[PDB]
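>
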Amino acid sequence: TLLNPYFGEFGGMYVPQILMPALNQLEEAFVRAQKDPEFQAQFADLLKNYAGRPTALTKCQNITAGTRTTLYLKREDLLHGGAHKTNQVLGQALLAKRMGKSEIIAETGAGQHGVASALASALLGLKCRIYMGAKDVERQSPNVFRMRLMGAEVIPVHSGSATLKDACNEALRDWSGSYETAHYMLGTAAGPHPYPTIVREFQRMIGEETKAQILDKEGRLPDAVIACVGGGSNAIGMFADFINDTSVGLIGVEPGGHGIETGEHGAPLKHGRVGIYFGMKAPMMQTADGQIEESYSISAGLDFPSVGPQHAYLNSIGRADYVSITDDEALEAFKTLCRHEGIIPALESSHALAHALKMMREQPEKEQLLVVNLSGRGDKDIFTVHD
Amino acid sequence: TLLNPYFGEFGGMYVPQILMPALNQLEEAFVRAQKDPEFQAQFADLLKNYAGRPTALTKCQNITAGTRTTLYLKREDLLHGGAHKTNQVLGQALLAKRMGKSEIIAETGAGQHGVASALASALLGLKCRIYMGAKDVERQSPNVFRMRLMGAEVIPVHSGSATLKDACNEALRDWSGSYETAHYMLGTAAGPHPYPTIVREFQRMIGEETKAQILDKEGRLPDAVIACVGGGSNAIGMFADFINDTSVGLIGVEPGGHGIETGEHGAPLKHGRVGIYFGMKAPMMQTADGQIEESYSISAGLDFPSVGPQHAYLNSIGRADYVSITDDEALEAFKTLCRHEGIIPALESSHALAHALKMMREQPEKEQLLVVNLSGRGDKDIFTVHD
Amino acid sequence: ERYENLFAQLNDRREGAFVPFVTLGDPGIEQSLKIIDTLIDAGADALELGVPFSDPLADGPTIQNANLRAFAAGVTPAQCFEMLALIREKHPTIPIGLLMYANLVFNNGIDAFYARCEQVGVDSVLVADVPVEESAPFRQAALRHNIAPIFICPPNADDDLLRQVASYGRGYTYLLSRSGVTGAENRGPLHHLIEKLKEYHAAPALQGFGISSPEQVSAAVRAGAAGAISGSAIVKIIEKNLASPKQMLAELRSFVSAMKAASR
Amino acid sequence: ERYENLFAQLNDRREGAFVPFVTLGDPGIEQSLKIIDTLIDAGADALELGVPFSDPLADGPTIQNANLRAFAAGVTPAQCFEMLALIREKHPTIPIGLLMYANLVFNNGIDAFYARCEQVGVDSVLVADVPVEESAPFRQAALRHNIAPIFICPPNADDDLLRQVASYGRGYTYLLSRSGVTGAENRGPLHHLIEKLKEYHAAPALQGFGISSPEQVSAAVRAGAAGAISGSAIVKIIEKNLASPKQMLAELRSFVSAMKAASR
Ligand SMILES: O=P(O)(O)/C=C/CCSc1ccccc1O
Ligand SMILES: O=P(O)(O)/C=C/CCSc1ccccc1O
Ligand SMILES: *Cc1c(COP(=O)(O)O)cnc(C)c1O
Ligand SMILES: *Cc1c(COP(=O)(O)O)cnc(C)c1O
Ligand code: NA
Ligand code: NA
């Protein structure tokens, strides 16, 4: 390979031999693209004139009143599509085109990655195929419909537990026979190299914009940046540009579900066991015999049963820290932002907000300059919180 | 008054004597605010760092392929809240505060104005009261819930036809007894002066941004700017800065419903009769005896049974032109943008898109530089188009 | 000059005027004509009559329902003017005032609306949604057809307004007791306005809004006003007795006799 | 050296090897042990056995259901190794190869997994999701415990890869007939790969993927391969006869006898 496939002990390229040339092809196209000012200018135009880049950095004055904390929110909820996922798909779609590909394969759980892949393919003229577990299809009628309205083919996977895991299986199965014409648009900063590296790089702009933004308004870098972790893409997007700034804390939040102690959660990085699956060596939701298990959360979007290899690495060396937040704790932060700031956050992002809220509430007299990444919009979750 | 309350023959101040001092107070606070750089800087900060201003101007290359038309869309769907309505409410909320008011009264039909008023009041610490016809409350559970989540009081009006009209009645009834502490946050560029003038001015930035934007990218002003008209605010917001540019066409689109000929529509400006109601002299949906009537459309948001006085004026002198678009025609444009551009438009905005699509399709060889105002997001309408 | 004569006669008797309000055609045309006759027979000095409108934005719940009940019986504006003509054919001297919303008078042409009032015998017209700033065409039209244009003097009136109201109006001056909308639900010091209005030679004042008890009309008179208007309290008796027409009229009689006695 | 002996014997007979595949514990432990014995009795030369995994990402519908049926009977990996031990206690010379997914071998420690295979009498191990680029620890562990590490040679292999596969593997070389996943549903020119593999002194080749008919195994042999593997065609007979165990075995016999005869 041209680049290192591992982040310490984690990562790799655990796929059947038949798919290895497809991964080498991708790697090389990415290295070239990054050195091409023509590609860079094109990616920047789409981001700016189509997606709404740069996004605002909003100071939340009401929520922090009475304490010594200053909190800002990176407005990824204002991005076209209502989530950060859009940045990534535009870049990956241009890479597929640079490679001569005309077809896109995609996987999705709650529907967000699927909606994003479908919009990017419609804009850039690519034929889109999307895999979704039958249990999720039943549960996500609005998103399935949005996908079809955008011209994408939606295919229910009835195998296994019929959820994300099983859709991830079907996508690779398909790609192993179609790689010559189709590109697999993986949805998070995980899977086999070069995906964790590519997804990071096409999500870098979140933290890069945040630095210039906080420097302009506060004339100082933050004490910490906080982000939720389903698979790891919005978090690494925020962390990246700050990795070399040793004084800036990096905090990732995993779903705690009904409580870690009940065994009903979605936190593999901190409460799982390292395994090998989905072309990767990383912490995973697994049984005692090594059978792959499902992730649980009130938010459907934090259900990838594993985590990005770069996070498992940043954690081991002590560069970043990871914690968890329960269903009730996320519901509380959701309720509070609606009421005091006029912003409806996704239940996914509410996990990150909830931890920043704890940091404040637990030590109100501590001087703290905080940045939370609001990865998405919460209109999606209105009926869930309602019932 | 300090300013002229009429636009030719239209407009005025048709309210009970008891409310006249409240209108004079408002007028004066607005004139002062506009001359105060401190107010201007504050309004600009909220717009930029909270709402997401400026919005993009997107070129739609796929949709116009094979013709001689170049089409751009003003991305108001990317504004916080998913609609243009937000610009207005932030400005009106600052005016209420400048006036010493602590309470906000608001009216709403489909829920959009209500959601916008509620978010602005939560952000700026004002107590919000919202009136909604009982028939609309039943029909709009998601928005009613969003409003309540934002801390607003929602009050069903069971009088009359129990729709927008009747909510508009209740709001003024309330204000006539509470004007001393409460400000009425009217939702469109209509009603008694100074509301049509104030709403225009706090929506001006849409067209102002569009000019600099098209000048930068095309080095020329457009041949025409197109916008839908429910009550008139997004349209006048777009038109304003171009009024003095005689070479730029101004086109407004009213809902045609099942067909003008069936009498089931929402186009009073072109197919109604001038009357006096809601503190205004303007074209209106009315019976033969002068009883006020309901507006009909597939889109719930284009149901204000009258139209802004400035539009009725621009129409009479020939400065702007107005047309109508049917339910099926709007559904078609909605379907087409999803499929070819990856953007889900509101059914409201789809009326404007549909007319630009006609302009193209009817004369594909005509060289035309067009701008459509995409006033909002269409995630809202997924189940309607579905059934 | 119906109002002028009534006021001279009442002053002669050192009496105040009791003016009840009802919506034409509530609960039906026939029962309404009957309601009005009972009102006069029991002692009303003048009449304030509303024609059913779809959006009465200056009225509270009780009157909102009066309009709703009339709409249910199909009562139209043309039917109303027919009723008005018959009411005058029966009672030649009682002053009659219409409570109107703007669209119903503009609809068919402002001038023609006032020509119809004259034809029928109407004495005055108060348009709820037209302030003095917008009164010119309605004012001019009324005067041209010998109809008195009624103006509202709010409790928060400045000298410029008092001077205006005194100069333009005729018949009577509608002195608002309160801020808000109609409703006997909420009760409503006006000595200064009454004296200033008297100073500018305005038309005799009639207090309206919230008047529902005898003590309230005697207080209006004591303050210097020429009378009092009562609506929701009247309309509530109709609402209460819909199933028993005979009981409705009998109850209407007792209430207006008591109210009239208090103006003495 | 189970494979080495088999191949020398087959070459001696100018015969190709017929190797059927089944998932351990499908449809039950007892019927599975019975299925395997019928397979051997009817003429299988070697065995390819999969242990039930939750996410078999290199397998098509037929084998996906084989895993599902085994999960329904509660079959665990520990139960599988128990079955494996009993199978060897009954048949001392037949080569036995396991088809494994990575997590099941890493789970408990890569080294200990290969120690267990030795203990039970397993001959080879093919890990479906580990390419040569990632094979070091699995390769080293297998050799240390006298287990042959199987490598996959794809139809799109370059000289560097062929050289690698030839150098690292043992037992047999898995020559893929096609691109894609397992499935008798889709049928799959390999003369060049076979000769290049022979040139680099690689382990004898066994063709896999899409083999479901006799003509297909005779063609594999004619091309230069030492044998052929068939899975979905075998598993489909189990699926078809779930309600009749006696009929299942009888049908399994007819199919493998016919397939074995074609390798001659
Ligand atoms: O029910 P009330 O007694 O409180 C008031 C009755 C007034 C009838 S006339 C009137 C006058 C002005 C605005 C609206 C009206 O309906
Ligand atoms: O059903 P087939 O005959 O088409 C192929 C059977 C192969 C069994 S071994 C095997 C080898 C590689 C990857 C997955 C597998 O399951
Ligand atoms: C898609 C989704 C996620 C899960 O995220 P990763 O960044 O890849 O971990 C989180 N937040 C939102 C709003 C999402 O839509
Ligand atoms: C609120 C609403 C309208 C109706 O608009 P006016 O601009 O005031 O005429 C139109 N479009 C959208 C998206 C709306 O939400
Ligand atoms: Na996860
Ligand atoms: Na309208």
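Protein chains in written order, with the working numbering: chain H, 3 to 389; chain P, 3 to 389; chain G, 87 to 350; chain Y, 87 to 350.
Cβ coordinates follow ideal geometry from the N, Cα and C atoms, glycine included.
Mark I238/G as exposed unless 16 or more other C-beta atoms lie within 10 angstroms of its C-beta, in which case mark it buried.
With 16 or more Cβ atoms within 10 Å of its Cβ, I238/G is classed as buried.
> If you reduce the DSSP assignment to three classes, tell me which class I157/P lands in.
Three-state DSSP puts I157/P in a strand.
> Using a cut-off of 8 Å between C-beta atoms, extract the partners of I238/Y located in chain H.
Chain H residues near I238/Y: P18, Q19 and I20.
> Suppose the cutoff is 7 Å on Cβ atoms and the five residues either side in sequence are ignored; what does the same chain contact list for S318/P look like?
So the qualifying residues of the chain are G10.
> Return no unless some Cβ of chain Y is closer than 8 Å to the Cβ of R175/H.
Answer yes: the Cβ-Cβ gap between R175/H and chain Y drops below 8 Å somewhere.
> Would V342/G and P106/G qualify as a contact pair, given that the criterion is a beta-carbon distance under 8 Å?
In contact: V342/G and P106/G (Cβ atoms closer than 8 Å).
> At a cut-off of 7 Å, is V276/P close to ligand 4 when judged by its beta-carbon and the heavy atoms of the ligand?
The answer is no for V276/P.
> I want to know whether the segment 259 to 277 of chain Y touches the segment 175 to 193 of chain H - three or more CB-CB distances under 8 Å.
Taking 8 Å as the limit for Cβ pairs, the verdict is that the segment 175 to 193 of chain H does touch the segment 259 to 277 of chain Y.
> May I ask you to list the residues that DSSP assigns as paired with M134/H?
In the DSSP output, where bridge partners are listed per residue, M134/H has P158/H.
> When the Cα atoms are used, what is the spatial distance from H357/H to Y52/P?
For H357/H and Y52/P, the distance between alpha carbons rounds to 22 Å.
> Kindly indicate which residue of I253/H, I65/H, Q365/H and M149/H has the alpha-carbon position closest to the one of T338/H.
Nearest C-alpha to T338/H: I65/H.
> What does a CB cutoff of less than 7 Å around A291/G pick up in its chain, not counting 5 residues either side in sequence?
Correct list, in chain order: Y258, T259, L261, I280, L283, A311 and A312.
> Taking a contact to mean a Cβ-Cβ separation below 8 Å, would you say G209/P touches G239/P in this structure?
Taking 8 Å as the Cβ cut-off, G209/P and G239/P qualify as a contacting pair.
> For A122/H, which residues in chain P fall below 8 Å Cβ to Cβ?
Those are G344, listed as they occur along chain P.
> Can you find a C-beta in chain Y that's less than 8 Å from the C-beta of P224/H?
So, not an interface residue.
> CB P347/P to CB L355/P, shorter than 8 Å?
Yes, they are a contact pair.
> Which of helix, strand or coil does DSSP assign to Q333/Y?
DSSP places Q333/Y in helix when its eight states are reduced to three.
> Looking at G207/G and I236/G, is the spacing between their C-beta atoms short of 8 Å?
Their beta carbons are not under 8 Å apart, which means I236/G does not touch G207/G by this criterion.
> Beta strand (DSSP E) containing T72/P: first to last residue?
Where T72/P is concerned, the enclosing beta strand (DSSP E) stretches over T71 to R77.
> Just the C-alpha distance for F244/P and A302/P, rounded to the nearest angstrom, thanks.
Rounded to whole angstroms, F244/P to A302/P spans 29 Å at the Cα level.
> Take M361/H as the anchor and find which of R150/H, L128/H, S104/H and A226/H has the nearest alpha-carbon.
When only C-alpha atoms are compared, the closest one is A226/H.
> Report the CB separation of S263/Y from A103/Y in whole angstroms; it is logged as a contact under 8 Å.
Contact flag wrong, Cβ pair sits at about 15 Å.
> For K129/H, which option in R148/H, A136/H, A108/H and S143/H has the closest C-alpha, if you only look at C-alpha atoms?
Checking every option, the nearest Cα to that of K129/H belongs to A108/H.
> Under a three-way DSSP split, which group does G13/P fall into?
The answer is strand: DSSP assigns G13/P an E or B state.
> Hey, is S143/P's beta-carbon within less than 8 Å of any beta-carbon in chain G?
No, no contact with chain G.
> Alpha carbons only, please: which of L335/G, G111/G, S298/G and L133/G is nearest the one belonging to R88/G?
If we check each option's Cα against that of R88/G, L133/G comes out closest.
> Output yes if chain P places a C-beta closer than 8 Å to the C-beta of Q150/G; else output no.
At least one chain P Cβ lies under 8 Å of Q150/G.
> Under the criterion of a Cβ to heavy atom distance below 7 Å, does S351/P qualify as lining ligand 6?
No.
> Under 8 Å between beta-carbons, which chain Y residues line up against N171/H? List them in chain order, please.
Chain Y residues near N171/H: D141, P142 and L143.
> Verify the contact flag: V309/H, CB atom, against every heavy atom of ligand 5, threshold strictly below 7 Å.
Within the cutoff, so yes.
> Unbroken beta strand (DSSP E) runs of length 3 or more, entirely within the segment 28 to 71 of chain P: which are they?
With a minimum length of 3 residues, the continuous beta strand (DSSP E) runs that stay inside the segment 28 to 71 of chain P are 59 to 61.
> Between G259/H and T328/H, which are expected to be in contact by the criterion C-beta below 8 Å, what is the C-beta distance as a whole number of angstroms?
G259/H to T328/H, Cβ: 7 Å. Contact.
> Can you name the residues that DSSP bridges to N375/H?
According to DSSP, which records beta bridges pairwise, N375/H is partnered with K76/H.
> Starting from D131/Y, follow the alpha helix (DSSP H) in both directions and report where the run begins and ends.
First-last for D131/Y: undefined, no H or E at that position.
> Since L92/P is in the alpha helix (DSSP H), which residue starts that stretch and which ends it?
Start and end: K87 to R100.
> Let me see if you follow: with CB-CB separation under 8 Å, is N51/P close to chain H or not?
By this cut-off, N51/P is an interface position.
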